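Asks: Dropping the structure in here first, questions after.
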Amino acid sequence: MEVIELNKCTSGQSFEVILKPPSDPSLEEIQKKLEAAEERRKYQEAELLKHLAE
Amino acid sequence: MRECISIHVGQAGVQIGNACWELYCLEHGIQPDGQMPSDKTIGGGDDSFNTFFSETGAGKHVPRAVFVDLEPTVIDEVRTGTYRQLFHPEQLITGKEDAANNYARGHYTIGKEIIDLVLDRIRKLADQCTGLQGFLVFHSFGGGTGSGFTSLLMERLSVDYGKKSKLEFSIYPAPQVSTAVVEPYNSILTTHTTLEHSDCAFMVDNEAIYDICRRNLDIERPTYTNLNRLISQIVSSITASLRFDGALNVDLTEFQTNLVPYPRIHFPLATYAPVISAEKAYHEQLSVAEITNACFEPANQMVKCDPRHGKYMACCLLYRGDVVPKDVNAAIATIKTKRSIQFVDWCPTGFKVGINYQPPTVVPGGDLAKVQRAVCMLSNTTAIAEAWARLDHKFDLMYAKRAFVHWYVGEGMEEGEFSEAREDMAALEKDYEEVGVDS
Amino acid sequence: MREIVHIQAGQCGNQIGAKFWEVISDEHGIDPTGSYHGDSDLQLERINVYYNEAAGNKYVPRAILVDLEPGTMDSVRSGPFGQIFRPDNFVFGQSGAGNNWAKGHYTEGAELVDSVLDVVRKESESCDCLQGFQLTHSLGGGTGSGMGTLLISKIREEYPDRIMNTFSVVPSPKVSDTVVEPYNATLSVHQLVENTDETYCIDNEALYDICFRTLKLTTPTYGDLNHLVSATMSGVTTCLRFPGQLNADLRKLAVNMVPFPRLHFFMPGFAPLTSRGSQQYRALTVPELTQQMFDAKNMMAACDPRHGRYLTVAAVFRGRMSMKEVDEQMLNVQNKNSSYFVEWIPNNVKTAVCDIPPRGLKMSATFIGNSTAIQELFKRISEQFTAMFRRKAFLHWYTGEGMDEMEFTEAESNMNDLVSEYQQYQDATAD
Amino acid sequence: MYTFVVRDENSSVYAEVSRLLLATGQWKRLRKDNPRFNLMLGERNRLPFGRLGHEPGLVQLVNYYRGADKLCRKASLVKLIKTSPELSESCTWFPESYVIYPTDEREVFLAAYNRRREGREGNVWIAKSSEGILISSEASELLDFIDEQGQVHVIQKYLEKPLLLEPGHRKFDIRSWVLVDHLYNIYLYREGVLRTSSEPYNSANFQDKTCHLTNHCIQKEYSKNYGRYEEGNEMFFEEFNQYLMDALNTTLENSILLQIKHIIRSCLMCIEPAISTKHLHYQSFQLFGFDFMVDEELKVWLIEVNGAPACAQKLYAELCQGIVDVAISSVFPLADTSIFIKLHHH
Ligand SMILES: CC(=O)O[C@H](C[C@H](C(C)C)[NH+](C)C(=O)[C@@H](NC(=O)[C@H]1CCCCN1C)C(C)C)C1NC(C(=O)N[C@@H](Cc2ccccc2)C[C@H](C)C(=O)O)=C(CCOCc2ccccc2)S1
Ligand SMILES: Nc1nc2c(ncn2[C@@H]2O[C@H](COP(=O)(O)OP(=O)(O)OP(=O)(O)O)[C@@H](O)[C@H]2O)c(=O)[nH]1
Ligand SMILES: Nc1ncnc2c1ncn2[C@@H]1O[C@H](COP(=O)(O)OP(=O)(O)CP(=O)(O)O)[C@@H](O)[C@H]1O
Ligand SMILES: Nc1nc2c(ncn2[C@@H]2O[C@H](COP(=O)(O)OP(=O)(O)O)[C@@H](O)[C@H]2O)c(=O)[nH]1
Ligand SMILES: [Ca+2]
Ligand SMILES: [Mg+2]
Ligand SMILES: [Mg+2]
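Protein chains in written order, with the authors' numbering: chain E, 50 to 72, 88 to 118; chain A, 1 to 439; chain B, 1 to 431; chain F, 1 to 102, 125 to 152, 158 to 363, 372 to 381.
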């Protein structure tokens, strides 16, 4: 039993009760990865249209 | 007053979005045309509700929201719905071809076409904000757009809004309502990519919500409508602190401070009671003691797991209705001796409590009954890690044989990104064990 | 919306194709004039998937009719929904393929293929968002077999980012006496393995056995066989044609059904199996539908599912029933047949329920299975092939049209690889 | 038909349960990695509890209680007895024990040990790993041994004055088989075993570990008189009850079983709120093997609890059918008088 930091208003009230105490990638790197994918996509398609030409 | 921009990605995100803004509107007394008679400050104001709603000179309360999907069907029902007048056409963004339950299509192939347009539309809302707090992102783990596009957006938002908090509402997949075999793949891939860009993430297991609907609301076979009405009440209880006067969880940074000590372990467990059937002509009204105790019953959790076989890093009780401090302290005091609530040694065994005297609003002609008092407990417990383990095992079963991997490699991804994403989840599982278990 | 372009090639293709249009036109409340006279708006919500709108709310099938024989396409025109089709989309030659794959693929069909693609382009152009193509054809004949597989390849070259669906009627000695069909079939499968995303294996062996044994038709007609095909074709496309969550488009179906690119050959199933013009009075219970649709006697491919394992399954229930009961009975099947579902693909069975039933039935269920048992079908074609090809029998028909023995050796090898590939994943375990 | 998976091939008990279940012809054994099961006879360590109870249209049961290792590990049990206010230092039935690491209560052990030496009381303690067991009257010997072993042991007070069976003057331990079902009904199997020594209990020399340790294993190997008094050093409750009546003028029920029944309850009731599967998405049962020592004043002492206990050859048939009847068949009923004693609790 230890209630602390009781804040009351009109809408309601808030508090804290304690039982016991204690004992990113850059915009470039994104585009690099996104195009790398599209380039693997285009190559896969190119080799298909090459295989379909044959 | 600090503004919050909601973003709804994929079907799941968009449909859960509708359920929320419908519920928010009723809670704030905002009519479906957007008019709010109770608001005496026409055009603007720094009221609590303005954090989620901008105002026009005509007195229309417009959600700070962007709906994005790579298919027009779901967002077309927002454009032609009951709350069509609520949103600007610029807020509702659609492609023509969806991600076909493929993270790769959502993140790379289709995602890359619309990402710049979406950020441009998000920036239009951001420019209306006097002091933007952050973002609440709603999406599925299973969907192609939900998984794929979100992780791309969350990356770009980190770049374009370096200092702004980002909260998730992630719909964890369940086979009772799941529409794709590869949802484990999409789930792991997005969780890995988003992990560094998400400050706090509320997972919702469809299976949990489905079972609660069947068990508590006596619904033979729940639809998304059924799940979404219940999910909206949980989301509303969490966001109530931002939209209403109060002291606890008044801004998005307070969420991570209160619930997230370890940046990677940022998945709180939400437990909500009471969920009672509108059909039930007579029902006993549950005391503060009874609803508080119910938050430690795995049946009432948004993700089914056993907190008794884990450890707590933080525990947060969010009450609505006829609740006074004396009753809550008493209820917790009694629960402490009975229940098994072990906190980690470096955190204090405490409960941060917030009370809103307005009892939970229910959409008329709904499933949920009107109750005098309800509670939503947000607890950061190392038991939620079970959710990862289940998902991670299904990933391993399929990926062992490389089943369905050609669909992802076909859209430009490498087998590298799979094993890379899985090794990050293997690390997250180990992290949750290190914090949680002694033996 | 997501438009599908239909192509029907050869006698078989144009017959099962015509019956498909007769059935789904009735289901969407469209008369032979192409005018809507339906009661439900669910009929029109996703009509643009298979139908082009025109002046005075007129619905025209997005269907291209192809054959090297005028015969079958005069029949289609004369038939009941013969007048619904776009007259320009009738693309036919004068000299047939004489059940020769070489004639259909290289010599005769090569002349006409450019004329077909002109109609494909015209139809593709006016699609808001084309999702792909479905072809009806037989692998036993010449036109559908040879020219169909050429079109598949020529369409893929113009539309390589679009789904390629096929209803491929696999031949049987019980239906046809044409000696060279195993050749035509084996050459066709080689093409399908490489150039199609989804192939519904409609086995004439199964359709005849269903008609003779189950339906008790001592002398079955092609119409008696096609009645099963048209019911199956109505069932598997139900998710594409009506509002739904599961397998709503051709790509999402492929992503749920095809775990490996080459293994895209499905076992269609239907319950209840009905005789043509016989009225079912007793509606089937949900348990009856469920047991029947998974039964070997209700499979349109002449394969025993208990001789293999299910990689993936798609169940489609139709009519007003309890969604709770379907969910229970589908779990019941899986939970009491878990040996026949690969344990390394979790939750590989997916179920859809559609309120609108087909014509003549209050309740029906359609089954789409990616079972490793399908190898039995390919093994049967392979045995028939090797019987003849071992002695180089009836090859003068193909080498006369410019082909080489090598093409046959390659087609044979690719099928034998497809078989052993299915056997690989059948014997595969969690560890 | 019901379905089950076997993930522990060694488990002699559940090898016989699987044999019995199949023989009924209403059960089917799946491949161990098939998730669509009703019953899981799970592996001993690293049992994936987190995955159980998430398969729709299947009630799922497992042959282990999650968190029962708190009772079945030696160091865990000591910590449990001490820390639990339910067991407390009102626990008179667990020998004075201390958890010794090679955080740690190694300091406090010496404080209790020094008191005994000035009291001139028996200062003989036993060190046990979580063969491998040293017994000495000198503390310096026990601590130096544990450091050399390298794993975490427990220094327990050796029952210096045990009850000795005549004729023979033999030490013994009692094994009681307890079955906790999915409703947490505690079932004590009416049949137990006396796992007896075959050499006379020698007070002087503690190095001769055959007359001091009463394990079936160390007997059949090192024992010089194996099977002379009773077959496979296993006396059953019929013969032991008769001995107590003939020698001590008391019954097994009065003298001992009342205390055994109190300890089994006390231990399992204490952990019920931690392991119980009352309102879980899966259900649990587990067989336990409680080990007891009886002293010269017929007072029962708890030695340890065994989480994966092996049954006596004679009894396997009876007990295993009981597990099927009480634990398995209760959750999954079959289609068209009690070997257990239900230890009543609330
Ligand atoms: C009864 C009959 O003629 O059936 C024919 C179908 C069978 C197959 C087994 C399915 N056939 C070809 C035969 O029975 C052969 N026998 C063999 O081939 C047999 C000989 C011994 C060695 C083994 N083999 C397999 C007979 C010698 C004919 C036919 N079915 C139709 C047919 O369906 N007609 C439809 C129109 C049609 C035709 C083709 C495709 C689509 C639609 C008419 C009506 C709607 C109907 O369904 O009955 C044939 C074409 C002629 O149709 C007119 C006709 C003539 C006589 C009887 C019935 C119909 S041949
Ligand atoms: N709770 C809930 N879950 C939903 C809803 N819609 C879909 N889901 C779940 O989300 C997953 C499917 O993802 P969706 O959101 O439909 O997909 P999407 O984001 O539109 O992506 P694509 O269609 O693949 O491009 C499955 O696990 C569904 O069970 C909904 O309205 N509510
Ligand atoms: N406090 C004590 N006093 C006297 N003897 C003891 C004792 N603790 C254990 N023993 C003796 O040591 C033997 C084995 O002890 P223990 O049961 O801890 O070892 P163990 O774990 O290898 C066998 P099990 O796993 O089947 O219980 C017992 O048979 C008992 O006679
Ligand atoms: N099920 C069915 N099979 C057919 C039909 N017409 C032909 N076939 C079979 O298909 C093969 C011959 O193909 P066909 O379409 O006549 O050749 P094409 O017209 O040159 O393509 C043989 O195995 C026939 O039995 C039909 O209407 N229904
Ligand atoms: Ca205002
Ligand atoms: Mg979508
Ligand atoms: Mg012909």
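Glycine residues also receive a C-beta, built at the ideal position from the N, C-alpha and C atoms.
So, are the CB atoms of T232/B and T366/B less than 9 Å apart?
Replies: Their beta carbons are under 9 Å apart, which means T232/B touches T366/B by this criterion.
Asks: Quick one: which chain E residues come within Cβ less than 8 Å of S188/B?
Replies: Result: empty, since nearest Cβ-Cβ is about 18 Å, beyond 8 Å.
Asks: Listed in chain order, which residues of the stretch 18 to 45 of chain F have Cβ atoms closer than 9 Å to some Cβ of chain B?
Replies: Listed by position along the chain: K28, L30, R31, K32, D33, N34, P35, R36, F37 and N38.
Asks: By the criterion of Cβ-Cβ separation under 7 Å, what are the contact partners of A315/B in chain F?
Replies: Neighbours of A315/B on chain F: none; closest Cβ ~14 Å, over 7 Å.
Asks: Going along the chain, which residues of its own chain have a beta-carbon closer than 6 Å to the beta-carbon of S340/A, five neighbours each way excluded?
Replies: Around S340/A: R308.
Asks: Mark residue 154/F as exposed unless 16 or more other C-beta atoms lie within 10 angstroms of its C-beta, in which case mark it buried.
Replies: As shown, the structure holds no coordinates for residue 154/F; chain F passes over it, running from 152 to 158.
Asks: Report the residue from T285/B, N370/B and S75/B whose alpha carbon sits nearest the alpha carbon of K362/B.
Replies: Among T285/B, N370/B and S75/B, the Cα nearest to that of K362/B is on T285/B.
Asks: Using a threshold of 8 Å, is the CB atom of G141/B nearer than that to any non-hydrogen atom of ligand 7?
Replies: Yes, the beta carbon of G141/B sits closer than 8 Å to at least one heavy atom of ligand 7.
Asks: Put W204/F into one of helix, strand or coil per three-state DSSP.
Replies: In the structure shown, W204/F sits in a strand (DSSP, three-state: E or B).
Asks: Would you mind sorting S138/B into buried or exposed? The rule is 16 or more other CB atoms within 10 Å of its CB.
Replies: So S138/B counts as buried.
Asks: Assuming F135/A contacts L167/A under a Cβ cut-off of 8 Å, what Cβ separation, rounded to an integer in Å, is found between them?
Replies: Correct: roughly 7 Å between the Cβ atoms.
Asks: Given 8 Å as the limit, is there contact between the stretch 421 to 429 of chain B and the stretch 261 to 269 of chain B, that is, 3 or more CB pairs closer than that?
Replies: Verdict: yes, contact present.
Asks: Check whether the Cβ of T41/A sits closer than 8 Å to any heavy atom of ligand 5, and report yes or no.
Replies: Because some heavy atom of ligand 5 lies under 8 Å away, the Cβ of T41/A counts as near it: yes.
Asks: Could you check whether the Cβ of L116/E sits closer than 9 Å to any Cβ belonging to chain A?
Replies: So, not an interface residue.
Asks: Ligand 2 heavy atoms versus the CB of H54/F: any closer than 8 Å?
Replies: The answer is no for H54/F.
Asks: Are the beta-carbon atoms belonging to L58/F and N34/F less than 9 Å from one another?
Replies: For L58/F and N34/F, no; Cβs fall outside 9 Å.
Asks: Using a beta-carbon distance below 9 Å, is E109/E in contact with chain B?
Replies: With 9 Å as the cut-off, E109/E counts as an interface residue toward chain B.
Asks: Could you give the DSSP three-state label for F149/A: helix, strand or coil?
Replies: Of the three classes helix, strand and coil, the one that applies to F149/A here is helix, per DSSP.
Asks: Keeping to the same chain, check which residues put their C-beta closer than 6 Å to that of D392/A; ignore five residues upstream and five downstream.
Replies: These residues qualify, in order along the chain: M425.
Asks: Quick check on this structure: which residue in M388/B, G369/B, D327/B and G308/B has the alpha carbon closest to the alpha carbon of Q375/B?
Replies: Out of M388/B, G369/B, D327/B and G308/B, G308/B has the C-alpha closest to the C-alpha of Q375/B.
Asks: Can at least three beta-carbon pairs, one atom from the stretch 407 to 423 of chain A and one from the stretch 36 to 43 of chain B, be found at a separation below 8 Å?
Replies: With a cut-off of 8 Å, the stretch 36 to 43 of chain B and the stretch 407 to 423 of chain A do not count as touching, because too few Cβ pairs lie within range.
Asks: Express the C-alpha separation of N256/B and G277/B in angstroms, rounding to a whole number.
Replies: So the alpha carbons of these two residues sit roughly 35 Å apart.
Asks: Just to confirm, is the Cβ distance from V229/B to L207/B under 9 Å?
Replies: Yes. Within cutoff.
Asks: Given a cut-off of 9 Å on the beta-carbon distance, is the pair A12/A and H197/A in contact?
Replies: No; because the gap between Cβ atoms is not below 9 Å, this pair is not in contact.
Asks: Tell me whether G132/B sits in a helix, a strand or coil according to DSSP, three-state version.
Replies: In the structure shown, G132/B sits in a strand (DSSP, three-state: E or B).
Asks: Cα separation between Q358/A and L26/A?
Replies: Cα to Cα, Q358/A sits roughly 12 Å from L26/A.
Asks: Out of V324/A, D306/A and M154/A, point me to the one whose CA is closest to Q342/A's CA.
Replies: Comparing Cα positions, the closest option is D306/A.
Asks: What does DSSP give as the partner residues of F90/B in its beta bridges?
Replies: For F90/B, which the question treats as bridged, DSSP gives the partners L65/B.
Asks: Any idea what DSSP makes of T196/B, helix, strand or coil?
Replies: Of the three classes helix, strand and coil, the one that applies to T196/B here is coil, per DSSP.
Asks: With a threshold of 8 Å (Cβ to nearest heavy atom), would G45/A be considered close to ligand 5?
Replies: Yes.
Asks: Are three or more beta carbon pairs between the stretch 108 to 126 of chain B and the stretch 144 to 154 of chain B nearer than 8 Å?
Replies: The stretch 108 to 126 of chain B, when compared against the stretch 144 to 154 of chain B, does touch it at the 8 Å Cβ threshold.
Asks: Measuring alpha carbon to alpha carbon, tell me which of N293/A, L317/A and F169/A ends up nearest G17/A.
Replies: Taking only the C-alpha atoms, the option nearest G17/A is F169/A.
Asks: Measure how close the beta-carbons of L210/F and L314/F come, nearest whole angstrom, since I'm counting them as under 8 Å.
Replies: Going by Cβ atoms, the distance from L210/F to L314/F rounds to 16 Å, so no, they are not a contact pair.
Asks: Just grab the DSSP bridge partners of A65/A for me.
Replies: Per DSSP, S6/A.
Asks: Using a Cβ-Cβ cutoff of less than 6 Å, which residues in the same chain neighbour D199/A once the five nearest sequence positions on both sides are dropped?
Replies: So the list reads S165, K166 and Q256, once near-sequence residues are dropped.
Asks: May I ask you to check if the CB of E71/A is nearer than 8 Å to at least one heavy atom of ligand 6?
Replies: Yes; taking the cut-off as 8 Å, the Cβ of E71/A has a heavy atom of ligand 6 nearer than that.
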